[PDB]
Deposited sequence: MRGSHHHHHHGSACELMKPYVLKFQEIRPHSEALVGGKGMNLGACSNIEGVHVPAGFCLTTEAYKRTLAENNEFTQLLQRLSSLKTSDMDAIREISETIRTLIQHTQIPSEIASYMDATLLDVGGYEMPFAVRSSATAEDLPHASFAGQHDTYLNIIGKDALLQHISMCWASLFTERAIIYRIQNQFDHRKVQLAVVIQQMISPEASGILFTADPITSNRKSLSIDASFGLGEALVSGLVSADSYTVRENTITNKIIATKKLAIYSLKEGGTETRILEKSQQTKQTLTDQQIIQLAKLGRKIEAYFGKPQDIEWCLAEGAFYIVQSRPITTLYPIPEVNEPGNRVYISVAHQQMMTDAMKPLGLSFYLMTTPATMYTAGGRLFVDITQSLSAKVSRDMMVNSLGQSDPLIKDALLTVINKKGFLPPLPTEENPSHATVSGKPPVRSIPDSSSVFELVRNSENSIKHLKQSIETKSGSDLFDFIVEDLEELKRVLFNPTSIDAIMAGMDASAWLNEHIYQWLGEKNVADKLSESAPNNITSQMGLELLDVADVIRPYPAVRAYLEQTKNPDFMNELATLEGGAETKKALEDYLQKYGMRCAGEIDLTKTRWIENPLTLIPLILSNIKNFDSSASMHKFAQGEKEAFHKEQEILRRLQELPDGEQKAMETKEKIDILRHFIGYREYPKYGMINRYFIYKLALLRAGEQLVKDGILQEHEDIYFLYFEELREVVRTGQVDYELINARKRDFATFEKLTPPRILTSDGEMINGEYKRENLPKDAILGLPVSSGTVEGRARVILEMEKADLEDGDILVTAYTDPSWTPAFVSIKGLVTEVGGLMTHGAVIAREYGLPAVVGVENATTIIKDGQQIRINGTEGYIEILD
């Protein structure tokens, strides 16, 4: 960390601290044979530190800047003006200028034009991007102009905009410096960007060129327009041709000017087809050198391609680490589970450790690998029809994938259920006791035996037979009563207020806990305005508190394990953060009168005796009439016995998960005491095996954890596709509006009825302030989301499928719901009156 200047040829690996990201990648690119990087050098961060960071006024100014927030806006406008003008007034030490004069003559010389380009780094974050944050000036000639523009580059580190960016991304201003790339200008016929993997599709196999005439500054700042071409294998899939009005050109005596292209020139294809393929190959060599897809800037001059920037890509949805060969197709677990939130590795692993599916992981969520199924004759073709009875877009997405570059070459007893339930209740009772004895590596040793027991109650053949009994029977009823009586999706109304549904009870019991809070206005005022996490220990103060805390405590002992994202072991359970239930307990205090759970439940079973006994009567004057009747009543009794249970096995699974979580946090806090972990919940970023070794060996790799931590962040920003490909193509299916109103948003019908109301688009149940009219539009809706179904008039989600909670819960609440809705939360606007049809599956944006 001594030199002031380095030629691209002199730059060693991992020198970002000295030359910045841009400078480093230019250095790297310049050593690839067949790659022409215009000669140049970096004015090092040394020069920056020497000239500026050693200045007492500068450092004082930056020490001040350290103190302010994005809300200290006018302190930002003025302090940064001071810094900027201070920089442009500070001369560059003659010693630094001397070293530069020498290196500049080597590339050469002060009569030639140079690009002067910012290159930033953040200390100890060598790969941190400052893309589009700081200045570049093109075609600068002469020592005077050079020195002037170096200071200008430096000053551009302290625009209001660059400062705000650093504050929001938690970069310390004192630990960011600017190197300056000084590089021979290319005077090009054409220039542009290259993305080694298509930003649509995201398919890791297509390439993409944006190409314009003239210098690249137009395309990037951000007009002119540009040509777009996609090349899939070595063949060109697509060509696009922009009408390119303007082009930027270098002036002989320095600087730059914009010209208007002749009309007949504006529509010409920037690059020939041969040049496009040549560029693609050029580009494939730099991920191939770099190992991950890349973002590359280029110039075409006199038939020669010049590389002028390269930089890792940052947006694509990762591919599963598959240990299989050949082309693979993955199905998304998120969509069927109604989850789609990124999961942490510890939580990711516990789901994997409990499934007999071939599940893999990509981007913090889970995929199932189902290609070998697809390949065989008549098992594909098993699956596509079968997977189409839960999710049409999946079926659609699979047809679309089997057309590629050869991508492809018993009902149990009535008494069954309560024994199933109590045999789980007890299996958990045992569990709760046996871990409070285990600890350390004994804990881990035990969890694995218990996973076997988890699997045993979860996948009990008798349980499954009881589960399907409900599904199968509403399969039968829906198919057959539409066949005879015609016009019917009947099992929706027949399922209404079904008994023993541990998840429908949950949302409906919160109605009662609010009936307890309602009388006491002391507690209601506290609860109305509180962010205190242990507000439950301040209640005994107020007149209602003691009564209230009891009401709540019992709910949490019944449902406290459950939280949104429950499948992820690492997510805060309700009982760990009771304050998240308050706005729902609050707002259905005000939306309901006394005994609302009774009246909602009753009117449901009333409104399904009527359909039962309407359908049965109405079937009597059909041809074979009282026969057809008795076989349906047979299926209704069956239906309404085993529909509750459909939701129990998840509730048993989770209870274990929360019991495991408590135990694993103990070990993690025990790991803090021993000084081996920094943060007690850092165990969320290790998979369950890695975690075993840590308690076992007393060793961790924090440069690993921190990357898990970092990776997690850049998931969350992702949204899993319905289907994922070995190439990382994403396929969400397309729906079929047969004879549905055009201009409608299409989805899966799931729960019957048409209704009109206010759209409330909510991503957090806690911030959901639902009112009587509202139609809830959200992303997923797992059992966690039930308590919010009691005031709304209809439901809309982005993801899901018939027979997958909480689609199953809408039916029993008698709620119209539509489910497979591409981009509902973005397409629909909060507050827009809206009509949902949950019979035919569509949505109309009412005026």
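Peer 1: Pop the missing stretches of the deposited sequence into a list, counting residues from 1 and keeping sequence order.
Peer 2: Those parts of the chain that were deposited but carry no coordinates are 1-16, 426-445.
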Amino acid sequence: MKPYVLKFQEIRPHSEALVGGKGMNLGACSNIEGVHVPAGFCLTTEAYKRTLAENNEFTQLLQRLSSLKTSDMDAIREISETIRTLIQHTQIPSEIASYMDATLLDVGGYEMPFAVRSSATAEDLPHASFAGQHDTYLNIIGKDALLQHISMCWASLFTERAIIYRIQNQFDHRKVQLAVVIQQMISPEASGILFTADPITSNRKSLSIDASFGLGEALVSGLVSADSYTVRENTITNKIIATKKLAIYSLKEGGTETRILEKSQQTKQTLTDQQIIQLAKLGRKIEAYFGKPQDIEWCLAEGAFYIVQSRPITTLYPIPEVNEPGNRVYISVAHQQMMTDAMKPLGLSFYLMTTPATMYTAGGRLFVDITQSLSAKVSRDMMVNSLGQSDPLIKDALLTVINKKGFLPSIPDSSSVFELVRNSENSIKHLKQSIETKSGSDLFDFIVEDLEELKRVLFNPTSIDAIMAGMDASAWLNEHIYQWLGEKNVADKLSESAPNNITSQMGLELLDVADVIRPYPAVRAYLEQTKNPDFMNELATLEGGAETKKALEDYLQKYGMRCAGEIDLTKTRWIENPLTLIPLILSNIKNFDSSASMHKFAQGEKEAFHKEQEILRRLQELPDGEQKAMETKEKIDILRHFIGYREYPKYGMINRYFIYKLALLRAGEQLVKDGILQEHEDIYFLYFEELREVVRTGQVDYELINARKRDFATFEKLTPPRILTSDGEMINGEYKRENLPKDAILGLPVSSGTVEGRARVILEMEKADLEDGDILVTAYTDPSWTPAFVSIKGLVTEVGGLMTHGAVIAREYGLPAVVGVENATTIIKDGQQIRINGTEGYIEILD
From here on, numbers count along this sequence of modelled residues.
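Peer 1: Tell me which of 757-765 and 357-365 has the higher mean C-alpha B-factor in the deposited entry.
Peer 2: Of 357-365 and 757-765, the stretch with the higher C-alpha B-factor average is 357-365.
Peer 1: Check the entry's C-alpha temperature factors for 422-430 and 509-517, then say which stretch has the higher mean.
Peer 2: Per the deposited B-factors, the answer is 422-430.
Peer 1: Go through 40, 794, 820, 783 one by one and give the residue whose Cα B-factor in the PDB entry is largest.
Peer 2: If I rank 40, 794, 820, 783 by C-alpha B-factor, first place goes to 40.
Peer 1: Which has the highest CA B-factor per the PDB entry: 158, 658, 712, 350?
Peer 2: Reading the PDB entry, the winner on C-alpha B-factor is 158.
Peer 1: For the chain shown, is the CA B-factor of residue 93 in the lowest, middle or highest third of its modelled residues?
Peer 2: According to the entry, residue 93 has a C-alpha B-factor in the chain's highest third.
Peer 1: Among the chain's modelled residues, which third holds the C-alpha B-factor of residue 544?
Peer 2: Middle third, going by the recorded CA B-factors of the chain.
Peer 1: According to the PDB entry, is the CA B factor of residue 164 in the bottom, middle or top third of its chain, that is, lowest, middle or highest?
Peer 2: Tercile = highest for this residue's CA B-factor.
Peer 1: Among all modelled residues of this chain, ranked by Cα B factor, put residue 568 in the bottom, middle or top third, i.e. lowest, middle or highest.
Peer 2: Residue 568: CA B-factor falls in the lowest third of its chain.
Peer 1: Among the chain's modelled residues, which third holds the C-alpha B-factor of residue 142?
Peer 2: Its C-alpha B-factor, which the entry lists for residue 142, ranks in the highest third among residues of this chain.
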